>>> print(open('work_14.tsv').read())   # TSV, N, CA and C atoms
chain	number	residue	atom	x	y	z
C	1856	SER	N	-5.52	-12.60	-17.27
C	1856	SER	CA	-5.66	-12.91	-18.71
C	1856	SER	C	-7.06	-13.53	-18.85
C	1857	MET	N	-7.35	-14.17	-20.00
C	1857	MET	CA	-8.67	-14.84	-20.17
C	1857	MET	C	-9.02	-15.84	-19.08
C	1858	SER	N	-10.16	-15.58	-18.38
C	1858	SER	CA	-10.65	-16.46	-17.28
C	1858	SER	C	-9.72	-16.49	-16.02
C	1859	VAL	N	-8.88	-15.47	-15.94
C	1859	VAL	CA	-7.89	-15.29	-14.81
C	1859	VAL	C	-7.91	-13.87	-14.35
C	1860	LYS	N	-8.61	-13.65	-13.24
C	1860	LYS	CA	-8.79	-12.31	-12.69
C	1860	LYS	C	-8.48	-12.18	-11.20
C	1861	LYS	N	-7.82	-11.10	-10.84
C	1861	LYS	CA	-7.71	-10.62	-9.44
C	1861	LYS	C	-9.07	-10.49	-8.80
C	1862	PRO	N	-9.13	-10.65	-7.47
C	1862	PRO	CA	-10.42	-10.44	-6.78
C	1862	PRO	C	-11.08	-9.03	-7.09
C	1863	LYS	N	-12.42	-9.02	-7.25
C	1863	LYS	CA	-13.15	-7.82	-7.75
C	1863	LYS	C	-13.23	-6.73	-6.64
C	1864	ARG	N	-12.42	-5.67	-6.76
C	1864	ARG	CA	-12.59	-4.42	-5.97
C	1864	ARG	C	-13.99	-3.78	-6.14
C	1865	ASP	N	-14.57	-3.35	-5.02
C	1865	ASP	CA	-15.90	-2.73	-5.03
C	1865	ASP	C	-15.70	-1.27	-5.50
C	1866	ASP	N	-16.13	-1.00	-6.73
C	1866	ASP	CA	-15.98	0.36	-7.32
C	1866	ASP	C	-17.30	1.13	-7.31
C	1867	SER	N	-18.32	0.60	-6.62
C	1867	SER	CA	-19.69	1.13	-6.68
C	1867	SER	C	-19.86	2.53	-6.02
C	1868	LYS	N	-18.94	2.89	-5.16
C	1868	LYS	CA	-18.91	4.16	-4.46
C	1868	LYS	C	-17.93	5.21	-5.05
C	1869	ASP	N	-17.19	4.82	-6.06
C	1869	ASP	CA	-16.14	5.71	-6.61
C	1869	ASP	C	-16.73	7.05	-7.09
C	1870	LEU	N	-17.83	6.96	-7.83
C	1870	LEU	CA	-18.46	8.18	-8.36
C	1870	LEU	C	-18.83	9.17	-7.28
C	1871	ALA	N	-19.47	8.69	-6.21
C	1871	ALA	CA	-19.84	9.50	-5.07
C	1871	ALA	C	-18.63	10.06	-4.38
C	1872	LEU	N	-17.61	9.23	-4.21
C	1872	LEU	CA	-16.41	9.64	-3.50
C	1872	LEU	C	-15.57	10.71	-4.31
C	1873	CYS	N	-15.46	10.51	-5.62
C	1873	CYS	CA	-14.79	11.55	-6.48
C	1873	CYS	C	-15.57	12.91	-6.42
C	1874	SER	N	-16.90	12.81	-6.38
C	1874	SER	CA	-17.76	14.00	-6.24
C	1874	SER	C	-17.48	14.75	-4.96
C	1875	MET	N	-17.29	14.01	-3.86
C	1875	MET	CA	-16.99	14.58	-2.59
C	1875	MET	C	-15.63	15.25	-2.57
C	1876	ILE	N	-14.61	14.59	-3.08
C	1876	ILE	CA	-13.29	15.23	-3.24
C	1876	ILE	C	-13.39	16.53	-4.04
C	1877	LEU	N	-14.09	16.46	-5.17
C	1877	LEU	CA	-14.19	17.62	-6.04
C	1877	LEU	C	-14.90	18.77	-5.32
C	1878	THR	N	-15.96	18.45	-4.52
C	1878	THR	CA	-16.63	19.49	-3.68
C	1878	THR	C	-15.65	20.17	-2.71
C	1879	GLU	N	-14.76	19.41	-2.10
C	1879	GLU	CA	-13.81	19.90	-1.16
C	1879	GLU	C	-12.74	20.78	-1.88
C	1880	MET	N	-12.39	20.40	-3.11
C	1880	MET	CA	-11.44	21.22	-3.93
C	1880	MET	C	-12.16	22.54	-4.35
C	1881	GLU	N	-13.41	22.47	-4.79
C	1881	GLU	CA	-14.24	23.64	-5.13
C	1881	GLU	C	-14.39	24.68	-4.01
C	1882	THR	N	-14.39	24.26	-2.75
C	1882	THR	CA	-14.69	25.10	-1.62
C	1882	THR	C	-13.44	25.56	-0.92
C	1883	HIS	N	-12.28	25.10	-1.35
C	1883	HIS	CA	-11.01	25.54	-0.78
C	1883	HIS	C	-10.82	27.02	-1.13
C	1884	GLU	N	-10.28	27.77	-0.18
C	1884	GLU	CA	-10.14	29.21	-0.40
C	1884	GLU	C	-9.14	29.55	-1.56
C	1885	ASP	N	-8.23	28.64	-1.93
C	1885	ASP	CA	-7.27	28.83	-2.99
C	1885	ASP	C	-7.74	28.22	-4.36
C	1886	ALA	N	-9.00	27.88	-4.47
C	1886	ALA	CA	-9.53	27.28	-5.67
C	1886	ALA	C	-9.78	28.31	-6.80
C	1887	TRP	N	-9.92	29.59	-6.42
C	1887	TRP	CA	-10.34	30.65	-7.36
C	1887	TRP	C	-9.65	30.69	-8.73
C	1888	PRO	N	-8.34	30.35	-8.85
C	1888	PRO	CA	-7.80	30.32	-10.23
C	1888	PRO	C	-8.27	29.19	-11.16
C	1889	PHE	N	-8.97	28.20	-10.55
C	1889	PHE	CA	-9.29	26.90	-11.14
C	1889	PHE	C	-10.78	26.66	-11.29
C	1890	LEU	N	-11.65	27.56	-10.85
C	1890	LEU	CA	-13.09	27.29	-10.79
C	1890	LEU	C	-13.75	27.27	-12.16
C	1891	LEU	N	-13.24	28.09	-13.07
C	1891	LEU	CA	-13.82	28.27	-14.40
C	1891	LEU	C	-12.76	28.16	-15.45
C	1892	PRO	N	-13.15	27.87	-16.71
C	1892	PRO	CA	-12.13	27.84	-17.75
C	1892	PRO	C	-11.42	29.20	-17.93
C	1893	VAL	N	-10.13	29.13	-18.18
C	1893	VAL	CA	-9.35	30.32	-18.54
C	1893	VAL	C	-9.96	30.92	-19.80
C	1894	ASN	N	-10.12	32.26	-19.80
C	1894	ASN	CA	-10.83	32.94	-20.93
C	1894	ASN	C	-9.80	33.10	-22.07
C	1895	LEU	N	-9.95	32.27	-23.10
C	1895	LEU	CA	-8.97	32.22	-24.18
C	1895	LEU	C	-8.97	33.43	-25.08
C	1896	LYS	N	-10.05	34.23	-25.04
C	1896	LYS	CA	-10.05	35.54	-25.74
C	1896	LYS	C	-9.27	36.58	-24.97
C	1897	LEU	N	-9.25	36.50	-23.63
C	1897	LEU	CA	-8.66	37.58	-22.84
C	1897	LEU	C	-7.33	37.30	-22.23
C	1898	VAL	N	-6.76	36.11	-22.40
C	1898	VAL	CA	-5.44	35.82	-21.81
C	1898	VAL	C	-4.51	35.44	-22.93
C	1899	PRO	N	-3.74	36.47	-23.41
C	1899	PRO	CA	-2.73	36.20	-24.43
C	1899	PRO	C	-1.83	35.02	-24.14
C	1900	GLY	N	-1.61	34.21	-25.16
C	1900	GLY	CA	-0.70	33.08	-25.14
C	1900	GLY	C	-1.33	31.76	-24.65
C	1901	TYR	N	-2.42	31.86	-23.91
C	1901	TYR	CA	-2.99	30.61	-23.27
C	1901	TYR	C	-3.44	29.58	-24.25
C	1902	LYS	N	-4.18	30.04	-25.27
C	1902	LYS	CA	-4.72	29.12	-26.27
C	1902	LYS	C	-3.62	28.36	-27.01
C	1903	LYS	N	-2.59	29.10	-27.45
C	1903	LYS	CA	-1.46	28.43	-28.18
C	1903	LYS	C	-0.59	27.51	-27.32
C	1904	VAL	N	-0.34	27.94	-26.08
C	1904	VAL	CA	0.59	27.27	-25.23
C	1904	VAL	C	-0.04	26.03	-24.54
C	1905	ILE	N	-1.25	26.17	-24.06
C	1905	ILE	CA	-1.86	25.08	-23.18
C	1905	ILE	C	-2.76	24.22	-24.04
C	1906	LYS	N	-2.26	23.06	-24.41
C	1906	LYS	CA	-2.88	22.35	-25.49
C	1906	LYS	C	-4.20	21.71	-24.99
C	1907	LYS	N	-4.27	21.40	-23.67
C	1907	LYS	CA	-5.48	20.80	-23.12
C	1907	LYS	C	-5.96	21.53	-21.86
C	1908	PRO	N	-6.69	22.63	-22.01
C	1908	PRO	CA	-7.19	23.41	-20.86
C	1908	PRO	C	-8.10	22.53	-20.03
C	1909	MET	N	-8.02	22.67	-18.70
C	1909	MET	CA	-8.93	21.91	-17.80
C	1909	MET	C	-9.21	22.81	-16.58
C	1910	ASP	N	-10.39	22.71	-15.99
C	1910	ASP	CA	-10.75	23.47	-14.81
C	1910	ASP	C	-11.79	22.69	-13.99
C	1911	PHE	N	-12.08	23.14	-12.74
C	1911	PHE	CA	-12.98	22.37	-11.88
C	1911	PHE	C	-14.38	22.26	-12.43
C	1912	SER	N	-14.93	23.33	-13.03
C	1912	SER	CA	-16.31	23.29	-13.54
C	1912	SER	C	-16.47	22.29	-14.71
C	1913	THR	N	-15.44	22.15	-15.54
C	1913	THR	CA	-15.36	21.24	-16.65
C	1913	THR	C	-15.23	19.80	-16.13
C	1914	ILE	N	-14.47	19.62	-15.06
C	1914	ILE	CA	-14.42	18.28	-14.41
C	1914	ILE	C	-15.79	17.93	-13.84
C	1915	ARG	N	-16.43	18.91	-13.17
C	1915	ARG	CA	-17.74	18.64	-12.56
C	1915	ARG	C	-18.75	18.23	-13.61
C	1916	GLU	N	-18.76	18.93	-14.75
C	1916	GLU	CA	-19.70	18.57	-15.83
C	1916	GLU	C	-19.42	17.16	-16.42
C	1917	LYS	N	-18.15	16.83	-16.61
C	1917	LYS	CA	-17.74	15.53	-17.11
C	1917	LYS	C	-18.16	14.44	-16.09
C	1918	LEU	N	-17.94	14.72	-14.81
C	1918	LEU	CA	-18.28	13.74	-13.75
C	1918	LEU	C	-19.80	13.46	-13.69
C	1919	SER	N	-20.59	14.52	-13.67
C	1919	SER	CA	-22.02	14.46	-13.60
C	1919	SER	C	-22.68	13.85	-14.83
C	1920	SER	N	-21.98	13.67	-15.93
C	1920	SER	CA	-22.58	13.24	-17.18
C	1920	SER	C	-21.95	11.95	-17.67
C	1921	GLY	N	-21.28	11.24	-16.76
C	1921	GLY	CA	-20.70	9.93	-17.09
C	1921	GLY	C	-19.64	9.88	-18.08
C	1922	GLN	N	-18.81	10.95	-18.13
C	1922	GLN	CA	-17.71	10.98	-19.07
C	1922	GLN	C	-16.33	10.51	-18.50
C	1923	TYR	N	-16.30	10.13	-17.22
C	1923	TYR	CA	-15.12	9.47	-16.66
C	1923	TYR	C	-15.41	7.93	-16.60
C	1924	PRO	N	-14.63	7.16	-17.36
C	1924	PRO	CA	-14.83	5.71	-17.29
C	1924	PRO	C	-14.32	5.10	-16.02
C	1925	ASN	N	-13.35	5.72	-15.32
C	1925	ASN	CA	-12.90	5.13	-14.08
C	1925	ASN	C	-12.23	6.23	-13.23
C	1926	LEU	N	-11.89	5.90	-11.99
C	1926	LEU	CA	-11.35	6.93	-11.08
C	1926	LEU	C	-9.94	7.44	-11.58
C	1927	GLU	N	-9.17	6.67	-12.34
C	1927	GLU	CA	-7.90	7.16	-12.88
C	1927	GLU	C	-8.04	8.29	-13.93
C	1928	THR	N	-9.10	8.22	-14.74
C	1928	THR	CA	-9.29	9.25	-15.76
C	1928	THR	C	-9.70	10.53	-15.04
C	1929	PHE	N	-10.35	10.40	-13.89
C	1929	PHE	CA	-10.76	11.56	-13.07
C	1929	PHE	C	-9.50	12.25	-12.53
C	1930	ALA	N	-8.64	11.47	-11.90
C	1930	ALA	CA	-7.34	12.01	-11.33
C	1930	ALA	C	-6.48	12.66	-12.40
C	1931	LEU	N	-6.41	12.09	-13.61
C	1931	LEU	CA	-5.66	12.64	-14.71
C	1931	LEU	C	-6.13	14.11	-15.04
C	1932	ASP	N	-7.44	14.33	-15.12
C	1932	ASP	CA	-7.99	15.70	-15.32
C	1932	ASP	C	-7.69	16.65	-14.16
C	1933	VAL	N	-7.79	16.19	-12.89
C	1933	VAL	CA	-7.49	17.07	-11.77
C	1933	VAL	C	-6.01	17.48	-11.88
C	1934	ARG	N	-5.14	16.50	-12.14
C	1934	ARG	CA	-3.68	16.78	-12.22
C	1934	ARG	C	-3.36	17.70	-13.40
C	1935	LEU	N	-4.06	17.55	-14.52
C	1935	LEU	CA	-3.96	18.43	-15.67
C	1935	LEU	C	-4.18	19.88	-15.32
C	1936	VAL	N	-5.13	20.17	-14.43
C	1936	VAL	CA	-5.40	21.52	-14.01
C	1936	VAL	C	-4.10	22.09	-13.37
C	1937	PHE	N	-3.46	21.30	-12.53
C	1937	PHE	CA	-2.21	21.80	-11.86
C	1937	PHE	C	-0.97	21.82	-12.68
C	1938	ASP	N	-0.85	20.89	-13.61
C	1938	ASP	CA	0.17	20.89	-14.60
C	1938	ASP	C	0.08	22.05	-15.54
C	1939	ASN	N	-1.12	22.34	-16.00
C	1939	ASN	CA	-1.34	23.60	-16.80
C	1939	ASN	C	-0.93	24.82	-16.03
C	1940	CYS	N	-1.30	24.86	-14.75
C	1940	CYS	CA	-1.03	26.03	-13.90
C	1940	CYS	C	0.51	26.24	-13.83
C	1941	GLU	N	1.24	25.17	-13.62
C	1941	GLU	CA	2.71	25.27	-13.51
C	1941	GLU	C	3.34	25.68	-14.85
C	1942	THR	N	2.76	25.21	-15.93
C	1942	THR	CA	3.23	25.59	-17.26
C	1942	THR	C	3.16	27.12	-17.52
C	1943	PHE	N	2.10	27.74	-17.08
C	1943	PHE	CA	1.82	29.12	-17.37
C	1943	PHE	C	2.18	30.14	-16.31
C	1944	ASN	N	2.42	29.72	-15.05
C	1944	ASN	CA	2.52	30.68	-13.97
C	1944	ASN	C	3.83	30.43	-13.20
C	1945	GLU	N	4.53	31.51	-12.94
C	1945	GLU	CA	5.73	31.42	-12.11
C	1945	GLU	C	5.34	30.83	-10.73
C	1946	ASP	N	6.24	30.03	-10.17
C	1946	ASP	CA	6.13	29.51	-8.78
C	1946	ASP	C	5.93	30.65	-7.74
C	1947	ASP	N	6.71	31.74	-7.87
C	1947	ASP	CA	6.60	32.88	-7.02
C	1947	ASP	C	5.52	33.86	-7.55
C	1948	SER	N	4.26	33.43	-7.48
C	1948	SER	CA	3.09	34.24	-7.86
C	1948	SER	C	1.90	33.71	-7.05
C	1949	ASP	N	0.85	34.48	-6.87
C	1949	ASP	CA	-0.28	34.02	-6.12
C	1949	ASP	C	-0.89	32.75	-6.76
C	1950	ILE	N	-1.05	32.79	-8.08
C	1950	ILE	CA	-1.68	31.66	-8.77
C	1950	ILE	C	-0.73	30.47	-8.76
C	1951	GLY	N	0.59	30.70	-8.89
C	1951	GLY	CA	1.56	29.59	-8.89
C	1951	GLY	C	1.51	28.87	-7.50
C	1952	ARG	N	1.50	29.63	-6.42
C	1952	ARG	CA	1.42	29.07	-5.07
C	1952	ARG	C	0.06	28.35	-4.86
C	1953	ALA	N	-1.02	28.97	-5.37
C	1953	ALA	CA	-2.36	28.34	-5.33
C	1953	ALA	C	-2.28	26.96	-5.92
C	1954	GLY	N	-1.68	26.84	-7.10
C	1954	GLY	CA	-1.62	25.49	-7.75
C	1954	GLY	C	-0.88	24.46	-6.96
C	1955	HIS	N	0.27	24.86	-6.39
C	1955	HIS	CA	0.99	23.90	-5.54
C	1955	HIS	C	0.20	23.50	-4.35
C	1956	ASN	N	-0.48	24.44	-3.67
C	1956	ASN	CA	-1.28	24.15	-2.49
C	1956	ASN	C	-2.42	23.20	-2.81
C	1957	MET	N	-3.10	23.46	-3.95
C	1957	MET	CA	-4.26	22.65	-4.32
C	1957	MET	C	-3.84	21.24	-4.74
C	1958	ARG	N	-2.75	21.11	-5.42
C	1958	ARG	CA	-2.22	19.81	-5.77
C	1958	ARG	C	-1.93	18.93	-4.54
C	1959	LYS	N	-1.23	19.53	-3.57
C	1959	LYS	CA	-1.04	18.84	-2.28
C	1959	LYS	C	-2.34	18.42	-1.61
C	1960	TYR	N	-3.31	19.35	-1.48
C	1960	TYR	CA	-4.55	19.08	-0.91
C	1960	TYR	C	-5.22	17.90	-1.58
C	1961	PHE	N	-5.25	17.93	-2.92
C	1961	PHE	CA	-5.85	16.82	-3.70
C	1961	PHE	C	-5.17	15.44	-3.46
C	1962	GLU	N	-3.87	15.41	-3.52
C	1962	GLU	CA	-3.10	14.19	-3.48
C	1962	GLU	C	-3.29	13.52	-2.12
C	1963	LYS	N	-3.45	14.29	-1.06
C	1963	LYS	CA	-3.70	13.68	0.25
C	1963	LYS	C	-5.10	13.07	0.33
C	1964	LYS	N	-6.12	13.80	-0.13
C	1964	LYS	CA	-7.45	13.26	-0.20
C	1964	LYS	C	-7.51	12.02	-1.06
C	1965	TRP	N	-6.79	12.03	-2.18
C	1965	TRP	CA	-6.79	10.93	-3.10
C	1965	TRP	C	-6.23	9.64	-2.40
C	1966	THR	N	-5.08	9.76	-1.78
C	1966	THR	CA	-4.42	8.68	-1.04
C	1966	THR	C	-5.30	8.20	0.11
C	1967	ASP	N	-5.86	9.12	0.91
C	1967	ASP	CA	-6.65	8.74	2.07
C	1967	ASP	C	-7.94	8.05	1.68
C	1968	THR	N	-8.52	8.42	0.52
C	1968	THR	CA	-9.81	7.85	0.12
C	1968	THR	C	-9.66	6.50	-0.59
C	1969	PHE	N	-8.64	6.33	-1.41
C	1969	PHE	CA	-8.51	5.22	-2.31
C	1969	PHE	C	-7.26	4.30	-2.10
C	1970	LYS	N	-6.16	4.79	-1.53
C	1970	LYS	CA	-4.96	3.95	-1.19
C	1970	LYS	C	-4.98	3.44	0.27
>>> encode(input="work_14.tsv", output="structure tokens")
Amino acid sequence: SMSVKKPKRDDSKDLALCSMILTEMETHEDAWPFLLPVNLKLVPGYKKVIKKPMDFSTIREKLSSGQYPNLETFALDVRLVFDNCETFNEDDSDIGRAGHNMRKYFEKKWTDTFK
């Protein structure tokens, strides 16, 4: 509360560390469904159904331009990419399996780097 604070965690490396995670997600062989925004002119139903589209290139631009106020807002966007994927794609599909694989990959890096 006022004048009562927990000891100050060193957050000075968070930006660099989120960048490194994102590089590792970008270079994963199963990243291909997530690298660029879904083309809303060419994929029927996507625009109406997915209220907040997110992809790796859009996260990279937000990260590089100071649009994440903290490491939690960063994780929320990465998770959004996989939540969108599950919303639109059957589990038994190449893209559906890609999303589950990438979510696991992310969550382990996230825990190992920050928890």
>>> closest_atom_pairs(input="work_14.tsv", of="range 1868-1899 of chain C", to="range 1907-1911 of chain C", cutoff="6.5 Å", atoms="all atoms listed in the file", output="Markdown table")
| residue | atom | partner | partner_atom | distance |
| --- | --- | --- | --- | --- |
| C:1889 | C | C:1911 | N | 4.0 |
| C:1890 | C | C:1911 | N | 4.5 |
| C:1891 | N | C:1911 | N | 5.1 |
| C:1892 | N | C:1910 | CA | 5.4 |
>>> atom_distance(input="work_14.tsv", atom1="atom N of residue 1914 in chain C", atom2="atom C of residue 1970 in chain C")
24.2 Å
>>> atom_distance(input="work_14.tsv", atom1="atom N of residue 1942 in chain C", atom2="CA of residue 1918 in chain C")
24.1 Å
>>> closest_atom_pairs(input="work_14.tsv", of="range 1862-1899 of chain C", to="range 1949-1955 of chain C", cutoff="8 Å", atoms="all atoms listed in the file", output="JSON lines")
{"residue": "C:1884", "atom": "C", "partner": "C:1953", "partner_atom": "CA", "distance": 7.9}
{"residue": "C:1885", "atom": "CA", "partner": "C:1953", "partner_atom": "CA", "distance": 5.5}
{"residue": "C:1886", "atom": "N", "partner": "C:1953", "partner_atom": "CA", "distance": 6.7}
{"residue": "C:1887", "atom": "N", "partner": "C:1953", "partner_atom": "CA", "distance": 7.7}
{"residue": "C:1888", "atom": "CA", "partner": "C:1950", "partner_atom": "CA", "distance": 6.4}
>>> closest_residue(input="work_14.tsv", among="C:1894, C:1929, C:1921, C:1859", to="residue 1873 in chain C", atoms="all atoms listed in the file")
C:1929
>>> axis_aligned_box(input="work_14.tsv", around="range 1963-1966 of chain C", padding_each_side="4 Å", output="JSON")
{"center_x": -5.5, "center_y": 11.2, "center_z": -1.4, "size_x": 12.1, "size_y": 14.1, "size_z": 11.4}
>>> atom_distance(input="work_14.tsv", atom1="CA of residue 1882 in chain C", atom2="CA of residue 1866 in chain C")
25.4 Å
>>> residues_around(input="work_14.tsv", residues="residue 1876 in chain C", least_positions_apart="5", cutoff="8 Å", atoms="all atoms listed in the file", output="number ranges by chain")
C: 1871, 1881-1882, 1961, 1964-1965
>>> write_last_selection(input="work_14.tsv", atoms="N, CA and C atoms", output="PDB file, in the frame of the given file")
ATOM      1  N   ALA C1871     -19.470   8.690  -6.210  1.00  0.00           N
ATOM      2  CA  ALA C1871     -19.840   9.500  -5.070  1.00  0.00           C
ATOM      3  C   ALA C1871     -18.630  10.060  -4.380  1.00  0.00           C
ATOM      4  N   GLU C1881     -13.410  22.470  -4.790  1.00  0.00           N
ATOM      5  CA  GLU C1881     -14.240  23.640  -5.130  1.00  0.00           C
ATOM      6  C   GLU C1881     -14.390  24.680  -4.010  1.00  0.00           C
ATOM      7  N   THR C1882     -14.390  24.260  -2.750  1.00  0.00           N
ATOM      8  CA  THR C1882     -14.690  25.100  -1.620  1.00  0.00           C
ATOM      9  C   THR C1882     -13.440  25.560  -0.920  1.00  0.00           C
ATOM     10  N   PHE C1961      -5.250  17.930  -2.920  1.00  0.00           N
ATOM     11  CA  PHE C1961      -5.850  16.820  -3.700  1.00  0.00           C
ATOM     12  C   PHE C1961      -5.170  15.440  -3.460  1.00  0.00           C
ATOM     13  N   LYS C1964      -6.120  13.800  -0.130  1.00  0.00           N
ATOM     14  CA  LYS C1964      -7.450  13.260  -0.200  1.00  0.00           C
ATOM     15  C   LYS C1964      -7.510  12.020  -1.060  1.00  0.00           C
ATOM     16  N   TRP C1965      -6.790  12.030  -2.180  1.00  0.00           N
ATOM     17  CA  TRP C1965      -6.790  10.930  -3.100  1.00  0.00           C
ATOM     18  C   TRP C1965      -6.230   9.640  -2.400  1.00  0.00           C
TER      19      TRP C1965
END
>>> select_by_dssp(input="work_14.tsv", residues="range 1876-1970 of chain C", states="helix (DSSP H, G or I)", output="ChimeraX atom specification")
/C:1876-1881,1887-1889,1901-1904,1911-1919,1926-1943,1949-1969
>>> closest_residue(input="work_14.tsv", among="C:1883, C:1931, C:1936, C:1925", to="residue 1870 in chain C", atoms="all atoms listed in the file")
C:1925
>>> closest_residue(input="work_14.tsv", among="C:1939, C:1966, C:1874, C:1858", to="residue 1915 in chain C", atoms="only N, CA and C atoms")
C:1874
